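Asker: got a sequence here, can you build the structure:
(one chain, ligands or ions: 5)
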Amino acid sequence: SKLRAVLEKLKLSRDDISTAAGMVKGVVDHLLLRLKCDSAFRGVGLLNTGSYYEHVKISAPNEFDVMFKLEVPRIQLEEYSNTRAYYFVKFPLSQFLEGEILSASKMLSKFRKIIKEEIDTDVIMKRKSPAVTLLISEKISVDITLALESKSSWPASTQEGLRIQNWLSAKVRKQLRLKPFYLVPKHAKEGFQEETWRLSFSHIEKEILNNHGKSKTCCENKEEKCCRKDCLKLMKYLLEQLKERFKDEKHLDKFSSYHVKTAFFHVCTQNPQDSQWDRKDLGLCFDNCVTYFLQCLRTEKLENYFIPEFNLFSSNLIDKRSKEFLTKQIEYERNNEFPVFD
Ligand SMILES: Nc1ncnc2c1ncn2[C@@H]1O[C@H](COP(=O)(O)OP(=O)(O)NP(=O)(O)O)[C@@H](O)[C@H]1O
Ligand SMILES: Nc1ccc(-c2cc(Cl)c(Cl)c3[nH]c4c(c23)CN(C(=O)CO)CC4)cn1
Ligand SMILES: [Mg+2]
Ligand SMILES: [Mg+2]
Ligand SMILES: [Zn+2]
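Answerer: Numbers count the residues shown, from 1 in each chain. Ligands and ions are numbered 1, 2, ... in the order given. Shown next is the structure:
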């Protein structure tokens with residue numbers, strides 16, 4: 001009942017939803033119209049992503065993630081430095097070519113420049129993530145991310161990813177792998193290799209979260225109201241609260257809600273049946289998520305759900321001392337019934 005009461009507090013107000021949805025639409029629509037006038041961005045289209053469009057945004061609808069996707073035919077990818085997730089792209093995009101290489105930084109710079117010049121709305125741009133980040137009315141943040149869309153087969157680094165066959169089905173895995181993949185202008189470390197792009201499957205994360213049960217009717221009727229999204233919301237709030245309490249501790253700076261989202265997908269793979277997420281077992285299901293995440297921190301292993309050889313918890317990305325620090329705080333919370341929720 002304590003956790004149910006937490007979830008009630010995390011619910012988004014209907015009035016805040018209605019107001020925020022309109023504020024975002026006015027800004028997104030204006031920017032799309034302007035970008036389409038530029039020869040380079042003429043084919044841009046909207047793809048809504050992230051927690052709001054997955055219905056796992058908590059507390060307030062004050063942060064929205066959108067991709068401005070651009071179909072680019074006939075791309076050839078070259079993996080950068082065995083990073084598994086970062087690539088060079090080769091083939092009105094000639095202005096962005098360095099030789100045969102399509103520069104992520106040059107395309108992002110023009111995209112940001114156009115947005116900056118274009119912004120009944122108070123809109124400011126936050127300093128230069130692949131996103132151009134806007135703040136509407138001092139309240140609503142919007143991450144606008146240029147994304148190249150490729151309709152080709154997914155890169156080889158994904159061959160063993162997306163291990164959903166025992167949960168969502170092999171047929172679904174095959175359908176999802178026929179969808180496009182995206183490249184966003186987030187550069188690999190080098191200093192950054194400023195031509196490099198990063199693979200993204202944010203659209204598939206949304207597809208899974210909004211169609212998340214083994215039963216096709218999961219969450220469509222009162223007898224099948226599972227606790228999967230509630231558990232992700234509680235894990236997100238646990239991490240948010242810890243990061244806020246420890247905001248002056250560097251140890252928590254590199255953790256993000258994507259770490260809990262990725263751990264959560266792995267728990268769904270481990271626990272594929274809807275009866276393992278029954279509403280009446282909320283506390284146990286949340287505990288399964290917390291203990292799984294603790295195991296990831298201890299073993300220093302959290303594979304990207306789509307790119308298994310990309311380890312989000314590698315010491316190259318997050319120091320061992322930082323993972324041990326977060327382990328200590330989560331263990332204290334688990335051992336004391338989550339006082340950070342009170
Ligand atoms: N480290 C990462 N690796 C890959 N994709 C990422 C990473 N961080 C963020 N993303 C993607 O960017 C999207 C938006 O990021 P963000 O707004 O930080 O998180 P979110 O999923 O929307 N949850 P929230 O904290 O509620 O905003 C995520 O849903 C992911 O698809
Ligand atoms: N609309 C979207 C969706 C997906 C991506 C995105 C994609 C990839 Cl592959 C990576 Cl590694 C990413 N890292 C970050 C993001 C991102 C976006 N992001 C936030 O949204 C912070 O609130 C920062 C950090 C970007 N914008
Ligand atoms: Mg978000
Ligand atoms: Mg964001
Ligand atoms: Zn469900």
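
Asker: please enumerate the helices of the stretch 201-342 of the chain.
Answerer: With helices called from DSSP state H, counting those that start in this stretch, the stretch 201-342 of the chain shows them at 202-209, 228-245, 257-270, 282-299, 320-335.

Asker: packing partners for the third one?
Answerer: Under the contact criterion of 3 or more CB pairs under 8 Å, 6 or more residues apart in numbering; DSSP states H and E, helix 257-270 touches helix 202-209, helix 228-245, helix 282-299. For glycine as for every other residue, the C-beta is placed from the backbone atoms N, C-alpha and C.

Asker: Throw these into TSV and include distance to ligand 3 and mean neighbour count, thanks.
Answerer: Shown next, in TSV, are those (distance: least, CB to the ion, whole Å; neighbours: other CB atoms under 10 Å):
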stretch	distance to ligand 3	mean neighbour count
helix 202-209	10	20
helix 228-245	10	20
helix 282-299	19	18
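
Asker: what number of residues are in the vicinity of residue 186?
Answerer: 19 (other CB atoms under 10 Å).

Asker: can you name the residue of the stretch 51-200 of the chain nearest to ligand 1?
Answerer: As assessed by CB to the nearest ligand atom, ligand 1 sits closest to residue 51 within the stretch 51-200 of the chain, at 3.3 Å.

Asker: what does the stretch 1-150 of the chain give?
Answerer: residue 50 (2.8 Å).

Asker: quick one: which of the helices and strands packed on helix 257-270 is nearest ligand 5?
Answerer: Closest approach to ligand 5 among the helices and strands packed on helix 257-270 is made by helix 228-245 (5.5 Å; CB to the ion).

Asker: grab the CA positions of the closest one and hand them over as PDB.
Answerer: What follows is helix 228-245, C-alpha atoms only, in PDB (Å, rounded to 0.1, in the frame of the first residue of the first chain):
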ATOM      1  CA  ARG A 228       5.400  -3.500 -15.300                       C
ATOM      2  CA  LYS A 229       5.000   0.300 -15.900                       C
ATOM      3  CA  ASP A 230       4.500   0.900 -12.200                       C
ATOM      4  CA  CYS A 231       7.700  -0.900 -11.400                       C
ATOM      5  CA  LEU A 232       9.600   1.200 -14.000                       C
ATOM      6  CA  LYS A 233       8.100   4.300 -12.600                       C
ATOM      7  CA  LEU A 234       9.100   3.400  -9.000                       C
ATOM      8  CA  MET A 235      12.700   2.600 -10.200                       C
ATOM      9  CA  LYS A 236      12.800   5.900 -12.000                       C
ATOM     10  CA  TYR A 237      11.600   7.700  -8.900                       C
ATOM     11  CA  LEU A 238      14.100   5.900  -6.700                       C
ATOM     12  CA  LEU A 239      17.000   7.100  -8.900                       C
ATOM     13  CA  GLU A 240      15.600  10.600  -9.300                       C
ATOM     14  CA  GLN A 241      15.200  11.000  -5.500                       C
ATOM     15  CA  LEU A 242      18.700   9.700  -4.800                       C
ATOM     16  CA  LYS A 243      20.200  12.000  -7.500                       C
ATOM     17  CA  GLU A 244      18.400  15.000  -6.000                       C
ATOM     18  CA  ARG A 245      19.300  14.200  -2.400                       C
END
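
Asker: circling back: so what's the residue of the stretch 51-200 of the chain closest to ligand 1 up against?
Answerer: By CB atoms under 8 Å, 6 or more residues apart in numbering, the residues touching residue 51 are 57, 58, 63, 65, 236, 257.

Asker: quick one: buried residues of the longest helix along the chain?
Answerer: The residue-count maximum for a helix in the chain (DSSP state H) belongs to helix 14-36. Of all the residues in helix 14-36, those buried under the rule 16 or more other CB atoms under 10 Å are 20, 23, 24, 27, 28, 31, 32, 34, 35.

Asker: now flag whichever of these is closest to residue 201.
Answerer: residue 28 (21.6 Å; CB to CB).

Asker: so what strands line up beside the top strand by length along the chain?
Answerer: As assigned by DSSP state E, the longest strand anywhere in the chain is strand 140-150. Looking at strand 140-150 with DSSP bridges, its partner strands are strand 63-71 (parallel), strand 132-136 (antiparallel), strand 181-184 (antiparallel).

Asker: that one versus helix 202-209: what angle between them?
Answerer: 110 degrees (axes from the mean of the first three to the mean of the last three CA atoms, to 10 degrees).

Asker: rewinding a little: how far out from the middle of the chain is the longest helix of the chain?
Answerer: 20 Å (CA atoms, centre = their mean, to the nearest Å).

Asker: after it, which helix or strand is next?
Answerer: Going down the chain from helix 14-36, the next helix or strand is strand 45-49, by DSSP states H and E.

Asker: got the contact list for that next one?
Answerer: Around strand 45-49, the neighbours that count as contacts under CB under 8 Å, 6+ apart are 28, 32, 64-70, 147, 182, 202-203, 205-206.

Asker: noted, bye for now.
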